[PDB]
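Student: sharing an experimental structure here, sequence included.
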Amino acid sequence: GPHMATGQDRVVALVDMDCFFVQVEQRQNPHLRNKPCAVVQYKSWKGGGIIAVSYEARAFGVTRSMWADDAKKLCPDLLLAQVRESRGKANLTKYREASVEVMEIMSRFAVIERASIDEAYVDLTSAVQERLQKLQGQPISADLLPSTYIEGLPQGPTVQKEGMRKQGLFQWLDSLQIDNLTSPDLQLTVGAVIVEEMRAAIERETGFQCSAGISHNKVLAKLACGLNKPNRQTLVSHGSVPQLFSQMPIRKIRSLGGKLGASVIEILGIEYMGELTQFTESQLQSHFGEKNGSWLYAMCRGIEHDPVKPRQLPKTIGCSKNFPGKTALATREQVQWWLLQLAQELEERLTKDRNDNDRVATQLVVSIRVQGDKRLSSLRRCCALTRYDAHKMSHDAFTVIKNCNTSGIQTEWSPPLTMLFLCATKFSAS
DNA sequence: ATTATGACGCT
DNA sequence: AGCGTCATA
Ligand SMILES: [Mn+2]
Ligand SMILES: [Mn+2]
Ligand SMILES: [Mn+2]
C-alpha cells in the first residue's frame, strides 16, 4: 500500500526523428518534399538497399531492408536519394552531422542520452519542477499541448482523428489536479508542455520534424513515441499501463524483440506484456536470470529504473564494409587496399572528433567475417591506437589479422573475407 | 546480397 | 579481452 514503489519519480522523454535520413535529403532537395521517397545505399545490386522511407511511400508498402527494384514494383513513382559514397564505401557523414544539429538543440533543455543517430532520451524531472514553480498553480491549457496524445483517452460515456486527440486531451486536463506539485500525472503533463517546446525548436531551427514520448521511464517513453508517429507526441501515464499492456505483444518492448522475448513467450506460454504480472519475481528470475527477472517483474507494472545517461556523443567511432557473394576479398593486396580505405575514413572522422570534442581514441578494434560464417563477426582483435594516421592504422589492422589467412602462399587470402570493420574506442580527454 | 553502424551484457 | 545480443537509419 503506502510502501509499494510505483516508479513515478521521474519524467523521461524520448525524442525520435521522423523518417530521419529522408528528411535530411528532403531539406537539401526541395523536389523530394511531400513525395513518396526513400534513401538507398548502393545501386548496382537490385537498385540498392532502402534504409529510410517517407510516410507517403510507406502507404504503398515500401519498407526499410527492401531492395529499391522491389520497392519500385509497389510504388513506380518512388523518388530515391542515394547515400554518399567515398573511398569505395557508403559514407554516413551527412546524417551524423544532421544528428548533431538536433542533439545540440535538445541539450539546451536538459542533459541528454544519445540513443541512436536520430533519437535521445531526456530526464525532464528537474525542468518540470521549475516550470511548476513559476506556473503558480495555474492550470494547463490545451493550447500548450497542440500535438499531444494522451494514451488511453478518450474513454467512457466525432469520427475525425484530430477530433479524437482533442477529446482525449480535454478528458485528461479536466481530471488533472494542478494544485499538487508532487502529482505524477501533473508532472508528466508539464513534461509534455516542455517537449512541445523542444520539438518546436527542433523544427524551427533545422526544418526536421520529430515525434516524442513522455512517461516515467525510458522504456515507456520509447513505446509512447511510436504510438502516434509522425509529427506528434504521446503521454503514457502510469495509470494507462494496465490497459496498454493487456494487448501489447511482448516483442514490442525495447530489449524483448529478440531471443529473450521469444523465450518469455515460449517458456511462460503468454503473448502480452500484461500477462507477466501473474508471475512472482523469483519465478521470472528462475527462467530469465536475476537481472532480467527483476527487470521484467517491474517492467510489466510500468516500472523501470534505468537512468538517462549524460552522454551526447557516441563513445566509439567505426567504419565497416561487407564484401558479399562474389566480391569477397581473396587476395592480400585487396584486403590491404580496403583496410586503407576504411582507415582513411576513420582518420578523417577521428581528426574532426578530436577538434570538436577535446578527446582522443586510444584503442583500435579490428573485426572481420569469414565466408561460410554464421555470425555478423567471425573474429575481433584490438591493438593500440597511438596516432591518427590512416596508413599506420591500416598496417596495424593487417598485423592483427594476418594469421587468419589459411592459404599456403601468402599472396592469396583464404578463406575469403566477407566483412572488414575498424573501430576506434577508449577515449580520453585531450 | 539489407548494410552500416553503435551500446551493453556475459564470462 | 573477445563474443553475443539487440538496437536503429
Ligand atoms: Mn526515427
Ligand atoms: Mn530512431
Ligand atoms: Mn525505424
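Tutor: Alright, I've got the coordinates. Numbers count the residues shown, from 1 in each chain, chains lettered A, B, ... in the order given. Ligands and ions are numbered 1, 2, ... in the order given.

Student: close to ligand 2: what parts of the stretch 1-150 of chain A are there?
Tutor: Selection of the stretch 1-150 of chain A residues close to ligand 2 by C-beta under 5 Å from the ion yields A:16, A:116, A:118, A:119. For the C-beta atoms, the positions are set from N, CA and C on the backbone; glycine is no exception.

Student: of those residues, closest to residue A:168?
Tutor: Closest approach to residue A:168 among these (C-beta to C-beta): residue A:16, at 21.3 Å.

Student: the helix or strand where that closest one lies pairs with which strands, parallel or anti?
Tutor: Taking DSSP states H and E as the criterion, residue A:16 maps to strand A:12-17. Strand A:12-17 has the following strand partners under DSSP bridges: strand A:119-123 (antiparallel), strand A:210-215 (antiparallel).

Student: for the residues of the stretch 1-150 of chain A next to ligand 2, which one is nearest residue A:411?
Tutor: Relative to residue A:411, the closest of these is residue A:116; by C-beta to C-beta it sits at 41.8 Å.

Student: give me every residue that touches the closest residue to residue A:276 other than its chain neighbours.
Tutor: The shortest distance from residue A:276 to any residue other than its chain neighbours is 3.6 Å, reached at residue A:300 (C-beta to C-beta, 6 or more residues apart in numbering). Under the criterion of C-beta atoms under 8 Å, 6 or more residues apart in numbering, the contact list for residue A:300 reads A:245, A:273, A:274, A:275, A:276, A:277.

Student: let's see 10 Å
Tutor: When contacts are counted by C-beta atoms under 10 Å, 6 or more residues apart in numbering, residue A:300 is found next to A:241-242, A:245, A:248, A:250, A:253, A:272-279, A:284.

Student: taking those residues one by one, which sit in strands?
Tutor: Using DSSP state E, the subset of those located in strands is empty.

Student: ok, those residues vs ligand 1, which is closest?
Tutor: Proximity of the contacts of residue A:300 to ligand 1 (C-beta to the ion) peaks at residue A:253, which lies at 17.6 Å.

Student: just give me the neighbour total for that closest one.
Tutor: 21 (other C-beta atoms under 10 Å).

Student: ok, the residue nearest to residue A:276 to DNA strand C distance?
Tutor: Distance of residue A:300 to DNA strand C, computed by C-beta to the nearest atom of the strand, to the nearest Å: 15 Å.

Student: just residue A:314 next, same as before
Tutor: Distance, residue A:314 to DNA strand C, using C-beta to the nearest atom of the strand: 12 Å.

Student: same thing with residue A:213?
Tutor: Residue A:213 is 12 Å from DNA strand C, where distance means C-beta to the nearest atom of the strand.

Student: cool, and residue A:69?
Tutor: Taken as C-beta to the nearest atom of the strand, the span from residue A:69 to DNA strand C is 18 Å.

Student: ok, which stretches of the stretch 301-430 of chain A are strands?
Tutor: A:317-322, A:329-331, A:359-370, A:379-384, A:412-429 (DSSP state E, counting those that start in this stretch).

Student: between the longest one and strand A:317-322, how many degrees?
Tutor: It refers to strand A:412-429. 160 degrees (axes from the mean of the first three to the mean of the last three C-alpha atoms, to 10 degrees).

Student: and DNA strand C, is strand A:412-429 touching that?
Tutor: No. Judged by C-beta under 7 Å from any atom of the strand, strand A:412-429 makes no contact with DNA strand C; its nearest approach is 9.7 Å.

Student: pairing partners for that strand, with directions?
Tutor: Counting by DSSP bridges, strand A:412-429 is paired with strand A:317-322 (antiparallel), strand A:329-331 (antiparallel), strand A:359-370 (antiparallel).

Student: export those to a markdown table and tack on distance to residue A:49 and mean neighbour count?
Tutor: Below are the strands paired with strand A:412-429 laid out as a markdown table (distance: least, C-beta to C-beta, whole Å; neighbours: other C-beta atoms under 10 Å):
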| stretch | distance to residue A:49 | mean neighbour count |
| --- | --- | --- |
| strand A:317-322 | 11 | 18 |
| strand A:329-331 | 20 | 18 |
| strand A:359-370 | 18 | 20 |
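
Student: re earlier: the strand holding residue A:16 near DNA strand B at all?
Tutor: No. Strand A:12-17 stays clear of DNA strand B (C-beta under 7 Å from any atom of the strand), getting no nearer than 14.5 Å.

Student: alpha carbons of that strand, in CSV - could you do that?
Tutor: Taking Å, rounded to 0.1, in the frame of the first residue of the first chain, the C-alpha atoms of strand A:12-17 are listed here in CSV:
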residue,chain,number,x,y,z
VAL,A,12,11.5,11.0,-19.0
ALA,A,13,11.1,11.8,-22.7
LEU,A,14,12.3,10.1,-25.9
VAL,A,15,12.5,12.3,-29.0
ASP,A,16,12.8,10.4,-32.3
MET,A,17,13.1,12.0,-35.7
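
Student: that strand and ligand 1 in contact?
Tutor: Yes. Residues of strand A:12-17 are located near ligand 1 by C-beta under 5 Å from the ion, namely A:16, A:17.

Student: for that strand, buried residues please.
Tutor: Within strand A:12-17, the residues that count as buried by 16 or more other C-beta atoms under 10 Å are A:12, A:13, A:14, A:15, A:16, A:17.

Student: likewise for stretch A:277-291?
Tutor: Counting neighbours by 16+ other C-beta under 10 Å, stretch A:277-291 gives A:279, A:284, A:285, A:288 as buried.
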